[PDB]
Amino acid sequence: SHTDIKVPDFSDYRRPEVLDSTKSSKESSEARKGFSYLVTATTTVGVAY
Amino acid sequence: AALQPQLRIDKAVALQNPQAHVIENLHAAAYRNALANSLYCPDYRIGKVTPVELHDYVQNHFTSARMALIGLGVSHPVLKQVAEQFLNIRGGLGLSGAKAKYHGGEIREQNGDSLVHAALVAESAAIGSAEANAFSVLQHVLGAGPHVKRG
Amino acid sequence: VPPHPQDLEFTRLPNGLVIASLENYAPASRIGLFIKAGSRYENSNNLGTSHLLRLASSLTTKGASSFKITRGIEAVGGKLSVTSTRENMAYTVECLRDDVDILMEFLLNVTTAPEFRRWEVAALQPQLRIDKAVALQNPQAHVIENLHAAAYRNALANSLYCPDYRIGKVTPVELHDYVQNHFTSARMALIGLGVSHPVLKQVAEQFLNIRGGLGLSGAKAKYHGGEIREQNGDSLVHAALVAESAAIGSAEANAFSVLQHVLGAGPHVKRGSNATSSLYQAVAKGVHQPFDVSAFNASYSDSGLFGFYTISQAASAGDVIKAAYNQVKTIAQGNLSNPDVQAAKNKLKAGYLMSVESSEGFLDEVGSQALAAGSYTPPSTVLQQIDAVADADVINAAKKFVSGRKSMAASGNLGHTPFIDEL
Amino acid sequence: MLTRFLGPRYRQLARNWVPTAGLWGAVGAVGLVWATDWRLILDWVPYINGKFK
Amino acid sequence: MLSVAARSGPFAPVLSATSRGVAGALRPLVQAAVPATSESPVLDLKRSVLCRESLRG
Amino acid sequence: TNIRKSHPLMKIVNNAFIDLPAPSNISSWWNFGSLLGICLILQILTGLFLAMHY
Amino acid sequence: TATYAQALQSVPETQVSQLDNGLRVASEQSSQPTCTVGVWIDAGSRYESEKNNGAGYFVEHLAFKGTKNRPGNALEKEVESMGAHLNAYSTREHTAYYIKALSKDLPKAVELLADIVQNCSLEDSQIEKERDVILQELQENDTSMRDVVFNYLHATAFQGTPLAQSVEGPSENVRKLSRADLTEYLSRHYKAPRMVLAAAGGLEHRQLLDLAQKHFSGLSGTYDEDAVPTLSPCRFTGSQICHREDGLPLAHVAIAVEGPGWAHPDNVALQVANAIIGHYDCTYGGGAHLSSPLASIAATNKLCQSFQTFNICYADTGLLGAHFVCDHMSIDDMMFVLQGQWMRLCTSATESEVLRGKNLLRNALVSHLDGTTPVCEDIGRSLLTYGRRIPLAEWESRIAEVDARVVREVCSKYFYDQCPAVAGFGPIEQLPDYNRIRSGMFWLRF
Ligand code: HEC
């Protein structure tokens with residue numbers, strides 16, 4: 001009965017680099033963390049000024 | 001729900017007399033049946049007795065033919081009145097003898113406990129019969145409790 | 001071409017100690033010190049002492065601290081295990097070949113130099129309550145405790161788990177006492193796999209010359225009988241029915257072991273009707289709901305218990321028991337074919353062989369053989385033993401169970417569970 | 001009280017943490033240099049020339 | 001054939017330094033979990049299920 | 001175990017500004033409480049630097 | 001004497017020969033009186049569709065209940081009567097049927113496996129009986145918090161991929177699966193180039209190959225001429241599943257990063273790092289003195305009833321991490337202490353603890369490979385994953401190569417600043433928020 005629990009489809013929210021179920025996420029983990037960490041690095045740089 | 005834990009305290013307070021468990025066990029071993037049941041609730045049942053079980057117990061045991069209304073310092077008309085008005089319930093079991101099948105055997109409880117408690121017993125006689133009165137006399141030939149303080 | 005297999009070396013020393021080794025050229029090594037020190041040697045004044053003892057294996061020794069035993073064994077990735085039964089304690093030690101020395105030393109300290117420090121024992125007492133709680137969550141553990149307490153008035157009545165009233169009451173002195181008078185040369189066996197005979201003989205000669213305790217393997221099981229009943233609520237009913245049988249090693253026991261396979265042990269096929277299991281087929285005939293039934297066979301130094309064990313719904317309990325019981329009765333009455341026994345022989349023979357195929361099961365067998373017999377009996381002759389059991393002996397084993405003063409333990413809703421009386 | 005901290009594990013523990021401890025010093029240096037405007041250090045920097053005479 | 005594991009029946013407890021505690025021999029079970037509705041006492045202040053020094057390459 | 005939970009100074013901070021169980025749905029209208037705290041501190045630092053020359 | 005090194009060379013080479021079918025037939029010989037024989041199949045749940053999710057699991061229930069040559073009982077009766085044991089299992093990637101029997105009984109053992117694997121009498125009356133059996137087993141599994149959290153972890157980590165599916169399938173697929181559905185998967189998957197006949201014990205590889213041609217040859221004629229299926233990669237998702245149930249007394253939490261898969265050489269270093277952290281359970285006697293810092297902090301502070309590390313491998317992917325069970329108030333501390341150890345290992349792994357990890361692993365590997373059943377399983381699985389049997393000396397070689405640097409390089413590769421898959425069940429109010437869990441995947445000091 002717990003075997004019916006599938007995770008709801010997330011396609012609506014998924015970053016485009018990880019929309020393909022047949023594609024490894026590792027390929028795009030580097031680039032994806034890059035963006036969000038660049039935003040942060042740029043933010044701190046701005047705050048620092 | 002809130003009263004369930006009182007079973008564990010109630011049982012703990014009685015069971016601190018070594019005699020209570022001895023007489024529980026004595027009965028569980030004597031009878032395969034109804035008198036085998038203890039006056040205290042088995043641990044596995046605490047918090048498991050349902051509101052329905054008690055409703056059920058009352059509806060089928062607290063009935064007219066299983067009941068007596070005794071009054072001291074009251075009048076007979078008043079007792080008879082409340083009996084006629086409030087105690088006309090019937091719709092449960094009938095038999096005083098759902099029936100004790102005496103069986104026998106022993107129960108042994110290793111304890112550590114300062115000194116040893118042991119009860120040895122055989123089937124005797126149902127209350128009311130002539131035989132029971134002989135047993136009651138036997139009990140005084142052999143010895144009940146003391147009569148003199150420190151004797 | 002594999003390597004031509006070596007032969008087991010065996011030696012009884014004059015002092016009564018036994019050494020057995022086998023160089024199996026395995027990448028790992030296993031050493032077991034087996035001791036006649038199981039639960040049966042406890043008395044009514046020191047119950048559970050051999051439980052806490054079993055739990056005490058990494059407390060502080062002369063020559064190795066608690067912390068060393070742990071970190072030392074963990075550093076080399078070995079194990080220190082202790083397995084109690086009603087008759088034996090067995091201290092086992094595993095590691096890679098190159099590391100036998102450090103683990104041996106640890107072994108010897110745990111078994112011969114335990115210090116049992118006041119505060120260390122104090123801190124370990126609560127493990128008895130967890131250890132007991134974790135076992136007792138199998139309904140089978142309490143059933144077999146109770147089965148024994150009812151069967152025997154005596155030594156095998158004692159449980160492998162410590163009675164509740166004893167938890168936090170076992171003294172540092174009680175364990176010192178238990179070791180000094182049970183962990184002695186004449187009550188001991190040092191078994192080694194992936195080790196050499198000279199080395200075992202050396203450590204035996206050097207470190208295991210202890211004697212100053214009890215003598216008898218038979219302080220003596222007085223079989224008595226009767227039943228214990230435990231009202232439970234518990235989903236389904238557990239019941240074991242048993243009579244006194246035969247002491248391990250005797251010819252009679254082998255007949256009982258065959259009887260057990262005629263009637264039915266555990267399953268052989270994953271999810272099956274257990275077609276050859278005559279007990280299972282017998283109950284199934286008139287019980288059309290979830291149940292289990294197996295022949296139960298326990299063999300000891302001076303007594304034995306044979307019968308059957310049942311798992312069933314509360315209301316089916318008495319039907320399941322009566323059906324199982326009558327099935328035994330028919331074998332006592334003479335209703336047993338030659339191929340029926342032949343299959344039981346094959347089931348037993350194969351099962352035994354499989355039981356010793358790994359080094360864990362091998363070492364345990366050589367250990368228990370060393371204590372019960374003072375011998376190593378090769379598989380080749382164990383199979384010959386089994387073969388010598390005739391159909392008439394298996395019948396005679398069933399006849400002994402049927403006509404013998406029963407013992408019974410059971411737990412669940414006992415409302416529809418019979419009473420020996422009514423069997 | 002310090003003899004307990006000397007042995008092969010601590011030799012490995014120091015080496016494991018030194019690229020990091022060095023890079024935090026570079027952070028602190030650049031950080032101090034940038035914040036106080038240490039024209040002593042900053043004059044020799046190929047773009048930061050706010051002292052443009 | 002002398003071992004209370006090889007005569008699959010009576011109880012044996014096992015304790016260890018690195019490994020989980022074991023119990024018992026035989027005794028029904030395994031042919032009691034095929035006739036279903038046997039959920040078993042699961043995790044109510046309890047040890048590790050299965051035991052793991054069976055790790056691979 | 002956790003240094004951030006059991007230290008008699010960091011514990012008090014943790015239970016007020018870090019691990020505090022807060023509602024999932026509080027509006028931008030709940031921001032003014034902290035913004036008051038910012039305002040109060042801002043007035044102190046400008047206030048003092050003003051009090052130095054006044 | 002005999003050095004640990006020499007012992008590894010003494011273990012005989014696993015001999016491999018191939019049938020014209022493509023059935024790889026392999027054995028490890030010994031002087032043992034018994035043996036284990038089996039068929040390992042390259043099939044599981046990862047091959048299933050969503051619309052036939054319990055299919056492999058269903059065949060597993062039908063495989064022992066009758067053939068064309070042995071209707072109903074007959075199989076059991078034969079296996080039972082020679083004293084043999086017959087078992088089966090199915091993971092998401094592999095299905096196996098094996099017989100433990102006497103070495104002399106190997107001719108019938110192989111014969112029966114051939115009949116089971118090729119001539120499954122999927123009688124409609126029996127498939128209906130199995131429907132109830134499997135459905136009842138679904139309700140049974142629900143009560144095992146550990147079986148759930150791992151299915152849940154699979155469901156969330158492999159979101160939308162075939163790997164997200166359980167082995168047993170959902171209830172509706174058990175209720176509606178037909179004989180056609182079953183025969184189709186059977187014919188598409190139980191094909192000879194995806195089957196390994198494995199044996200171990202008192203054997204002769206000559207005698208086994210003879211039997212393999214005698215009983216399995218019958219899959220020739222024509223093969224693979226219309227359709228061939230090869231596995232597609234499965235996307236890992238750093239996600240969370242939280243099943244909040246405040247009526248179960250202990251919390252189960254399983255947390256994992258994406259692992260590399262069966263083939264990858266760096267599974268060894270992972271296993272070593274896992275060995276260091278290890279596993280704990282309330283019945284361990286060591287307590288305070290345990291080497292693994294997590295185990296000792298768990299024991300001292302009773303932070304936990306049990307924890308275990310794992311490196312679950314699938315082709316080109318996996319789950320790397322730990323699972324624990326604990327009281328409601330201890331989830332936070334368990335996570336902190338666990339993630340702190342991953343990071344300690346990622347950044348500052350020391351040489352001696354890496355020896356202990358290597359040592360635990362050599363001991364585990366050698367202890368596991370004890371007896372006909374574990375070794376036969378190892379031959380079958382290895383051939384299906386690695387394409388060969390990796391001999392013990394090679395494992396030792398690859399273990400000895402791992403040092404402190406290897407551990408911290410490899411642990412960082414997989415753990416450092418990576419998104420966990422997190423599955424929680426039971427009294428989980430105190431289970432950290434995903435952001436917080438994800439923040440424990442790095443250190444501000446490093
Ligand atoms: C360090 C002492 C100090 C603190 C703290 C302080 N101030 Fe002041 N404030 C001053 C001084 C001095 C002046 C006069 C100089 C000036 O007008 O700028 C002043 C000026 C003012 C004025 C007049 C503004 C103008 O320039 O027209 C207001 C209004 C005021 N403060 C309100 C506040 C409030 C509100 C707070 C926070 C509760 C506060 N101040 C905090 C010292 C303080």
# chains A, B, ... in the order shown; residues from 1 in each chain; ligands from 1
>>> select_by_dssp(residues="stretch 13-117 of chain C", states="helix (DSSP H, G or I)", output="PDB file with N, CA and C atoms, in the first residue's frame")
ATOM      1  N   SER C  39      23.660 -21.706  30.963  1.00  0.00           N
ATOM      2  CA  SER C  39      22.654 -21.296  31.939  1.00  0.00           C
ATOM      3  C   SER C  39      22.351 -22.345  32.986  1.00  0.00           C
ATOM      4  N   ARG C  40      22.478 -23.617  32.618  1.00  0.00           N
ATOM      5  CA  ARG C  40      22.172 -24.737  33.508  1.00  0.00           C
ATOM      6  C   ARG C  40      22.969 -24.810  34.817  1.00  0.00           C
ATOM      7  N   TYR C  41      24.191 -24.233  34.819  1.00  0.00           N
ATOM      8  CA  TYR C  41      25.041 -24.235  35.998  1.00  0.00           C
ATOM      9  C   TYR C  41      24.743 -23.083  36.979  1.00  0.00           C
ATOM     10  N   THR C  49      23.462 -14.800  36.067  1.00  0.00           N
ATOM     11  CA  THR C  49      24.866 -14.497  36.178  1.00  0.00           C
ATOM     12  C   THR C  49      25.596 -14.768  34.854  1.00  0.00           C
ATOM     13  N   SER C  50      25.222 -15.845  34.182  1.00  0.00           N
ATOM     14  CA  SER C  50      25.840 -16.206  32.917  1.00  0.00           C
ATOM     15  C   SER C  50      25.307 -15.361  31.741  1.00  0.00           C
ATOM     16  N   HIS C  51      24.240 -14.594  31.989  1.00  0.00           N
ATOM     17  CA  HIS C  51      23.769 -13.632  30.999  1.00  0.00           C
ATOM     18  C   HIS C  51      24.669 -12.411  31.077  1.00  0.00           C
ATOM     19  N   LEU C  52      24.722 -11.749  32.221  1.00  0.00           N
ATOM     20  CA  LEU C  52      25.612 -10.589  32.390  1.00  0.00           C
ATOM     21  C   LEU C  52      27.085 -10.909  31.987  1.00  0.00           C
ATOM     22  N   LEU C  53      27.514 -12.133  32.299  1.00  0.00           N
ATOM     23  CA  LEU C  53      28.802 -12.640  31.900  1.00  0.00           C
ATOM     24  C   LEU C  53      28.953 -12.643  30.385  1.00  0.00           C
ATOM     25  N   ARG C  54      27.918 -13.063  29.696  1.00  0.00           N
ATOM     26  CA  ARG C  54      27.930 -13.118  28.268  1.00  0.00           C
ATOM     27  C   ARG C  54      28.030 -11.685  27.735  1.00  0.00           C
ATOM     28  N   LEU C  55      27.422 -10.758  28.475  1.00  0.00           N
ATOM     29  CA  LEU C  55      27.394  -9.355  28.127  1.00  0.00           C
ATOM     30  C   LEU C  55      28.678  -8.641  28.497  1.00  0.00           C
ATOM     31  N   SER C  66      39.440  -2.285  28.805  1.00  0.00           N
ATOM     32  CA  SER C  66      38.216  -2.229  28.056  1.00  0.00           C
ATOM     33  C   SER C  66      38.422  -1.568  26.701  1.00  0.00           C
ATOM     34  N   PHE C  67      38.936  -0.337  26.742  1.00  0.00           N
ATOM     35  CA  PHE C  67      39.236   0.467  25.569  1.00  0.00           C
ATOM     36  C   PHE C  67      40.190  -0.246  24.566  1.00  0.00           C
ATOM     37  N   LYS C  68      41.203  -0.957  25.084  1.00  0.00           N
ATOM     38  CA  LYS C  68      42.108  -1.749  24.239  1.00  0.00           C
ATOM     39  C   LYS C  68      41.420  -2.908  23.531  1.00  0.00           C
ATOM     40  N   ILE C  69      40.591  -3.659  24.260  1.00  0.00           N
ATOM     41  CA  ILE C  69      39.893  -4.801  23.682  1.00  0.00           C
ATOM     42  C   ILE C  69      39.082  -4.336  22.467  1.00  0.00           C
ATOM     43  N   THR C  70      38.344  -3.233  22.652  1.00  0.00           N
ATOM     44  CA  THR C  70      37.533  -2.654  21.606  1.00  0.00           C
ATOM     45  C   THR C  70      38.389  -2.115  20.421  1.00  0.00           C
ATOM     46  N   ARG C  71      39.211  -1.105  20.702  1.00  0.00           N
ATOM     47  CA  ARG C  71      40.051  -0.475  19.691  1.00  0.00           C
ATOM     48  C   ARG C  71      41.079  -1.416  19.059  1.00  0.00           C
ATOM     49  N   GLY C  72      41.574  -2.375  19.847  1.00  0.00           N
ATOM     50  CA  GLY C  72      42.529  -3.339  19.368  1.00  0.00           C
ATOM     51  C   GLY C  72      41.937  -4.270  18.356  1.00  0.00           C
ATOM     52  N   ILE C  73      40.807  -4.880  18.695  1.00  0.00           N
ATOM     53  CA  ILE C  73      40.066  -5.754  17.761  1.00  0.00           C
ATOM     54  C   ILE C  73      39.530  -4.964  16.529  1.00  0.00           C
ATOM     55  N   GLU C  74      38.988  -3.771  16.782  1.00  0.00           N
ATOM     56  CA  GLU C  74      38.463  -2.920  15.684  1.00  0.00           C
ATOM     57  C   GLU C  74      39.547  -2.449  14.728  1.00  0.00           C
ATOM     58  N   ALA C  75      40.751  -2.168  15.257  1.00  0.00           N
ATOM     59  CA  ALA C  75      41.927  -1.762  14.432  1.00  0.00           C
ATOM     60  C   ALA C  75      42.297  -2.755  13.351  1.00  0.00           C
ATOM     61  N   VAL C  76      42.156  -4.047  13.662  1.00  0.00           N
ATOM     62  CA  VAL C  76      42.448  -5.147  12.718  1.00  0.00           C
ATOM     63  C   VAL C  76      41.191  -5.702  12.035  1.00  0.00           C
ATOM     64  N   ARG C  97      44.289 -13.942   8.894  1.00  0.00           N
ATOM     65  CA  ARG C  97      45.399 -14.874   9.239  1.00  0.00           C
ATOM     66  C   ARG C  97      46.563 -14.236  10.034  1.00  0.00           C
ATOM     67  N   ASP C  98      47.098 -13.130   9.502  1.00  0.00           N
ATOM     68  CA  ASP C  98      48.243 -12.392  10.065  1.00  0.00           C
ATOM     69  C   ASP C  98      48.023 -11.809  11.458  1.00  0.00           C
ATOM     70  N   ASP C  99      46.777 -11.837  11.925  1.00  0.00           N
ATOM     71  CA  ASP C  99      46.372 -11.155  13.159  1.00  0.00           C
ATOM     72  C   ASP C  99      45.875 -12.073  14.292  1.00  0.00           C
ATOM     73  N   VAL C 100      45.971 -13.398  14.084  1.00  0.00           N
ATOM     74  CA  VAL C 100      45.616 -14.416  15.104  1.00  0.00           C
ATOM     75  C   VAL C 100      46.192 -14.151  16.493  1.00  0.00           C
ATOM     76  N   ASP C 101      47.428 -13.648  16.546  1.00  0.00           N
ATOM     77  CA  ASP C 101      48.129 -13.435  17.787  1.00  0.00           C
ATOM     78  C   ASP C 101      47.462 -12.421  18.714  1.00  0.00           C
ATOM     79  N   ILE C 102      47.170 -11.225  18.217  1.00  0.00           N
ATOM     80  CA  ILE C 102      46.572 -10.197  19.088  1.00  0.00           C
ATOM     81  C   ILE C 102      45.172 -10.601  19.627  1.00  0.00           C
ATOM     82  N   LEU C 103      44.373 -11.235  18.753  1.00  0.00           N
ATOM     83  CA  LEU C 103      43.036 -11.694  19.104  1.00  0.00           C
ATOM     84  C   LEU C 103      42.999 -12.864  20.065  1.00  0.00           C
ATOM     85  N   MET C 104      43.972 -13.761  19.920  1.00  0.00           N
ATOM     86  CA  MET C 104      44.182 -14.860  20.850  1.00  0.00           C
ATOM     87  C   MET C 104      44.430 -14.328  22.256  1.00  0.00           C
ATOM     88  N   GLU C 105      45.355 -13.368  22.344  1.00  0.00           N
ATOM     89  CA  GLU C 105      45.751 -12.733  23.585  1.00  0.00           C
ATOM     90  C   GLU C 105      44.535 -12.096  24.240  1.00  0.00           C
ATOM     91  N   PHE C 106      43.728 -11.395  23.437  1.00  0.00           N
ATOM     92  CA  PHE C 106      42.513 -10.769  23.923  1.00  0.00           C
ATOM     93  C   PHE C 106      41.584 -11.834  24.441  1.00  0.00           C
ATOM     94  N   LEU C 107      41.433 -12.913  23.663  1.00  0.00           N
ATOM     95  CA  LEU C 107      40.598 -14.042  24.021  1.00  0.00           C
ATOM     96  C   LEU C 107      40.941 -14.554  25.401  1.00  0.00           C
ATOM     97  N   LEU C 108      42.236 -14.788  25.620  1.00  0.00           N
ATOM     98  CA  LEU C 108      42.727 -15.368  26.845  1.00  0.00           C
ATOM     99  C   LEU C 108      42.490 -14.485  28.048  1.00  0.00           C
ATOM    100  N   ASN C 109      42.637 -13.177  27.859  1.00  0.00           N
ATOM    101  CA  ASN C 109      42.389 -12.186  28.894  1.00  0.00           C
ATOM    102  C   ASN C 109      40.870 -12.160  29.317  1.00  0.00           C
ATOM    103  N   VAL C 110      39.965 -12.077  28.317  1.00  0.00           N
ATOM    104  CA  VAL C 110      38.502 -12.051  28.543  1.00  0.00           C
ATOM    105  C   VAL C 110      38.016 -13.249  29.353  1.00  0.00           C
ATOM    106  N   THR C 111      38.616 -14.417  29.055  1.00  0.00           N
ATOM    107  CA  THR C 111      38.179 -15.722  29.565  1.00  0.00           C
ATOM    108  C   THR C 111      38.905 -16.159  30.817  1.00  0.00           C
ATOM    109  N   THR C 112      40.154 -15.702  30.981  1.00  0.00           N
ATOM    110  CA  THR C 112      41.014 -16.163  32.104  1.00  0.00           C
ATOM    111  C   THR C 112      41.469 -15.084  33.062  1.00  0.00           C
TER     112      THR C 112
END
>>> residues_near_ligand(ligand="ligand 1", cutoff="10 Å", atoms="only C-alpha atoms and all ligand atoms", output="ChimeraX atom specification")
/F:39-54
>>> atom_distance(atom1="atom CA of residue E:32", atom2="atom CA of residue C:278")
16.1 Å
>>> interface_residues(of="chain G", to="chain A", cutoff="6 Å", atoms="only C-alpha atoms", output="list in words")
residues 161, 170, 233, 234 and 235 of chain G
>>> closest_residue(among="C:173, C:90, C:328, C:189", to="chain E", atoms="only C-alpha atoms")
C:90
>>> atom_distance(atom1="atom CA of residue G:88", atom2="atom CA of residue G:36")
12.5 Å
>>> closest_residue(among="C:163, C:266, C:27, C:304", to="residue C:148", atoms="only C-alpha atoms")
C:304
>>> interface_residues(of="chain C", to="chain B", cutoff="12 Å", atoms="only C-alpha atoms", output="PyMOL selection string")
chain C and resi 43-47+146+149-150+153+157-158+162-167+169-170+225-234+412-422
>>> write_last_selection(atoms="N, CA and C atoms", output="CSV table (one decimal), in the first residue's frame")
chain,number,residue,atom,x,y,z
C,43,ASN,N,22.3,-21.3,39.8
C,43,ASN,CA,21.4,-21.9,40.8
C,43,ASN,C,20.4,-20.8,41.2
C,44,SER,N,19.5,-21.2,42.1
C,44,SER,CA,18.4,-20.3,42.5
C,44,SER,C,18.8,-19.1,43.2
C,45,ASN,N,20.1,-18.9,43.6
C,45,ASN,CA,20.7,-17.8,44.3
C,45,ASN,C,21.4,-16.8,43.3
C,46,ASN,N,21.8,-17.3,42.1
C,46,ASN,CA,22.6,-16.5,41.2
C,46,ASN,C,22.0,-16.4,39.8
C,47,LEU,N,20.7,-16.5,39.6
C,47,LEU,CA,20.1,-16.5,38.2
C,47,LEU,C,20.5,-15.3,37.4
C,146,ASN,N,9.7,-20.6,28.9
C,146,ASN,CA,8.6,-21.2,29.7
C,146,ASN,C,8.5,-22.7,29.5
C,149,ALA,N,11.3,-24.0,31.8
C,149,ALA,CA,10.9,-23.8,33.2
C,149,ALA,C,9.8,-24.8,33.7
C,150,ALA,N,8.9,-25.3,32.8
C,150,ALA,CA,7.9,-26.2,33.0
C,150,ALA,C,8.4,-27.7,32.9
C,153,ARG,N,12.5,-29.4,36.7
C,153,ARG,CA,12.4,-28.8,38.0
C,153,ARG,C,13.8,-28.2,38.4
C,157,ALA,N,15.8,-25.8,33.4
C,157,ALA,CA,14.7,-24.9,33.7
C,157,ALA,C,15.1,-23.5,33.6
C,158,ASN,N,16.4,-23.2,33.9
C,158,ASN,CA,17.0,-21.8,33.9
C,158,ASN,C,17.0,-21.3,32.5
C,162,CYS,N,18.3,-13.3,31.8
C,162,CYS,CA,18.3,-13.0,33.2
C,162,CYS,C,16.8,-12.6,33.6
C,163,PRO,N,16.3,-13.3,34.6
C,163,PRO,CA,15.0,-12.8,35.3
C,163,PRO,C,15.0,-11.4,35.7
C,164,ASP,N,14.0,-10.7,35.4
C,164,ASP,CA,13.8,-9.2,35.8
C,164,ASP,C,14.2,-8.8,37.2
C,165,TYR,N,13.8,-9.6,38.2
C,165,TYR,CA,14.1,-9.3,39.6
C,165,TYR,C,15.6,-9.3,39.8
C,166,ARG,N,16.4,-9.9,38.9
C,166,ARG,CA,17.9,-10.0,39.1
C,166,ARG,C,18.6,-8.9,38.4
C,167,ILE,N,18.0,-8.1,37.6
C,167,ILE,CA,18.7,-7.0,36.8
C,167,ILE,C,19.1,-5.9,37.7
C,169,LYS,N,21.1,-6.7,40.2
C,169,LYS,CA,21.4,-7.4,41.4
C,169,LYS,C,22.6,-8.5,41.3
C,170,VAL,N,23.0,-8.7,40.1
C,170,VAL,CA,24.2,-9.6,39.9
C,170,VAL,C,25.5,-8.9,40.3
C,225,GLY,N,7.7,-31.9,34.1
C,225,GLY,CA,6.5,-31.8,33.3
C,225,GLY,C,5.6,-30.7,33.8
C,226,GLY,N,4.5,-30.5,33.1
C,226,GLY,CA,3.5,-29.5,33.4
C,226,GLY,C,3.6,-28.4,32.4
C,227,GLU,N,2.8,-27.4,32.6
C,227,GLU,CA,2.6,-26.4,31.5
C,227,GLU,C,2.7,-24.9,32.0
C,228,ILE,N,3.0,-24.0,31.2
C,228,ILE,CA,2.9,-22.5,31.5
C,228,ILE,C,2.2,-21.8,30.5
C,229,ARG,N,1.3,-20.9,30.9
C,229,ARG,CA,0.3,-20.3,30.1
C,229,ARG,C,0.4,-18.8,30.3
C,230,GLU,N,0.6,-18.1,29.2
C,230,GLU,CA,0.8,-16.7,29.2
C,230,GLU,C,-0.3,-16.0,28.3
C,231,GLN,N,-1.4,-15.4,28.9
C,231,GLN,CA,-2.3,-14.6,28.2
C,231,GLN,C,-1.7,-13.3,27.7
C,232,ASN,N,-1.9,-12.9,26.5
C,232,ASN,CA,-1.1,-12.0,25.7
C,232,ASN,C,-1.9,-10.9,24.9
C,233,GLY,N,-3.1,-11.3,24.5
C,233,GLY,CA,-3.7,-10.4,23.5
C,233,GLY,C,-3.1,-10.8,22.1
C,234,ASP,N,-1.9,-10.4,21.9
C,234,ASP,CA,-0.9,-10.9,20.7
C,234,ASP,C,-1.6,-11.5,19.5
C,412,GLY,N,-0.6,-16.1,24.0
C,412,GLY,CA,-1.5,-15.4,23.1
C,412,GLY,C,-2.9,-15.3,23.8
C,413,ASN,N,-3.9,-15.2,23.0
C,413,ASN,CA,-5.2,-15.4,23.5
C,413,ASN,C,-5.5,-16.9,23.7
C,414,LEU,N,-5.4,-17.3,24.9
C,414,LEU,CA,-5.5,-18.8,25.2
C,414,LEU,C,-6.9,-19.4,25.4
C,415,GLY,N,-7.9,-18.5,25.2
C,415,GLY,CA,-9.3,-18.9,25.2
C,415,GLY,C,-9.7,-20.3,24.6
C,416,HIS,N,-9.1,-20.6,23.4
C,416,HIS,CA,-9.4,-21.9,22.7
C,416,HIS,C,-8.2,-22.8,22.6
C,417,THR,N,-7.3,-22.6,23.6
C,417,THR,CA,-6.0,-23.5,23.6
C,417,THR,C,-6.2,-24.5,24.7
C,418,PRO,N,-6.0,-25.8,24.3
C,418,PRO,CA,-6.2,-26.9,25.3
C,418,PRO,C,-5.1,-27.0,26.5
C,419,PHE,N,-5.1,-28.0,27.3
C,419,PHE,CA,-4.4,-28.0,28.6
C,419,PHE,C,-3.6,-29.3,29.0
C,420,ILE,N,-3.1,-30.0,28.0
C,420,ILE,CA,-2.5,-31.4,28.3
C,420,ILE,C,-3.6,-32.3,28.7
C,421,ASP,N,-4.1,-32.1,29.9
C,421,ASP,CA,-5.5,-32.6,30.3
C,421,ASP,C,-6.4,-33.0,29.2
C,422,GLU,N,-6.6,-32.1,28.3
C,422,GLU,CA,-7.5,-32.2,27.2
C,422,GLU,C,-6.9,-32.5,25.8
>>> residues_around(residues="stretch 6-23 of chain E", least_positions_apart="3", cutoff="8 Å", atoms="only C-alpha atoms", output="number ranges by chain")
C: 54-55, 57-58, 70, 74, 79-86, 131, 135, 141, 144, 160, 257, 296-299, 352, 355, 365; E: 1-3, 26-27, 47-48, 51-53; G: 280-281, 283-286
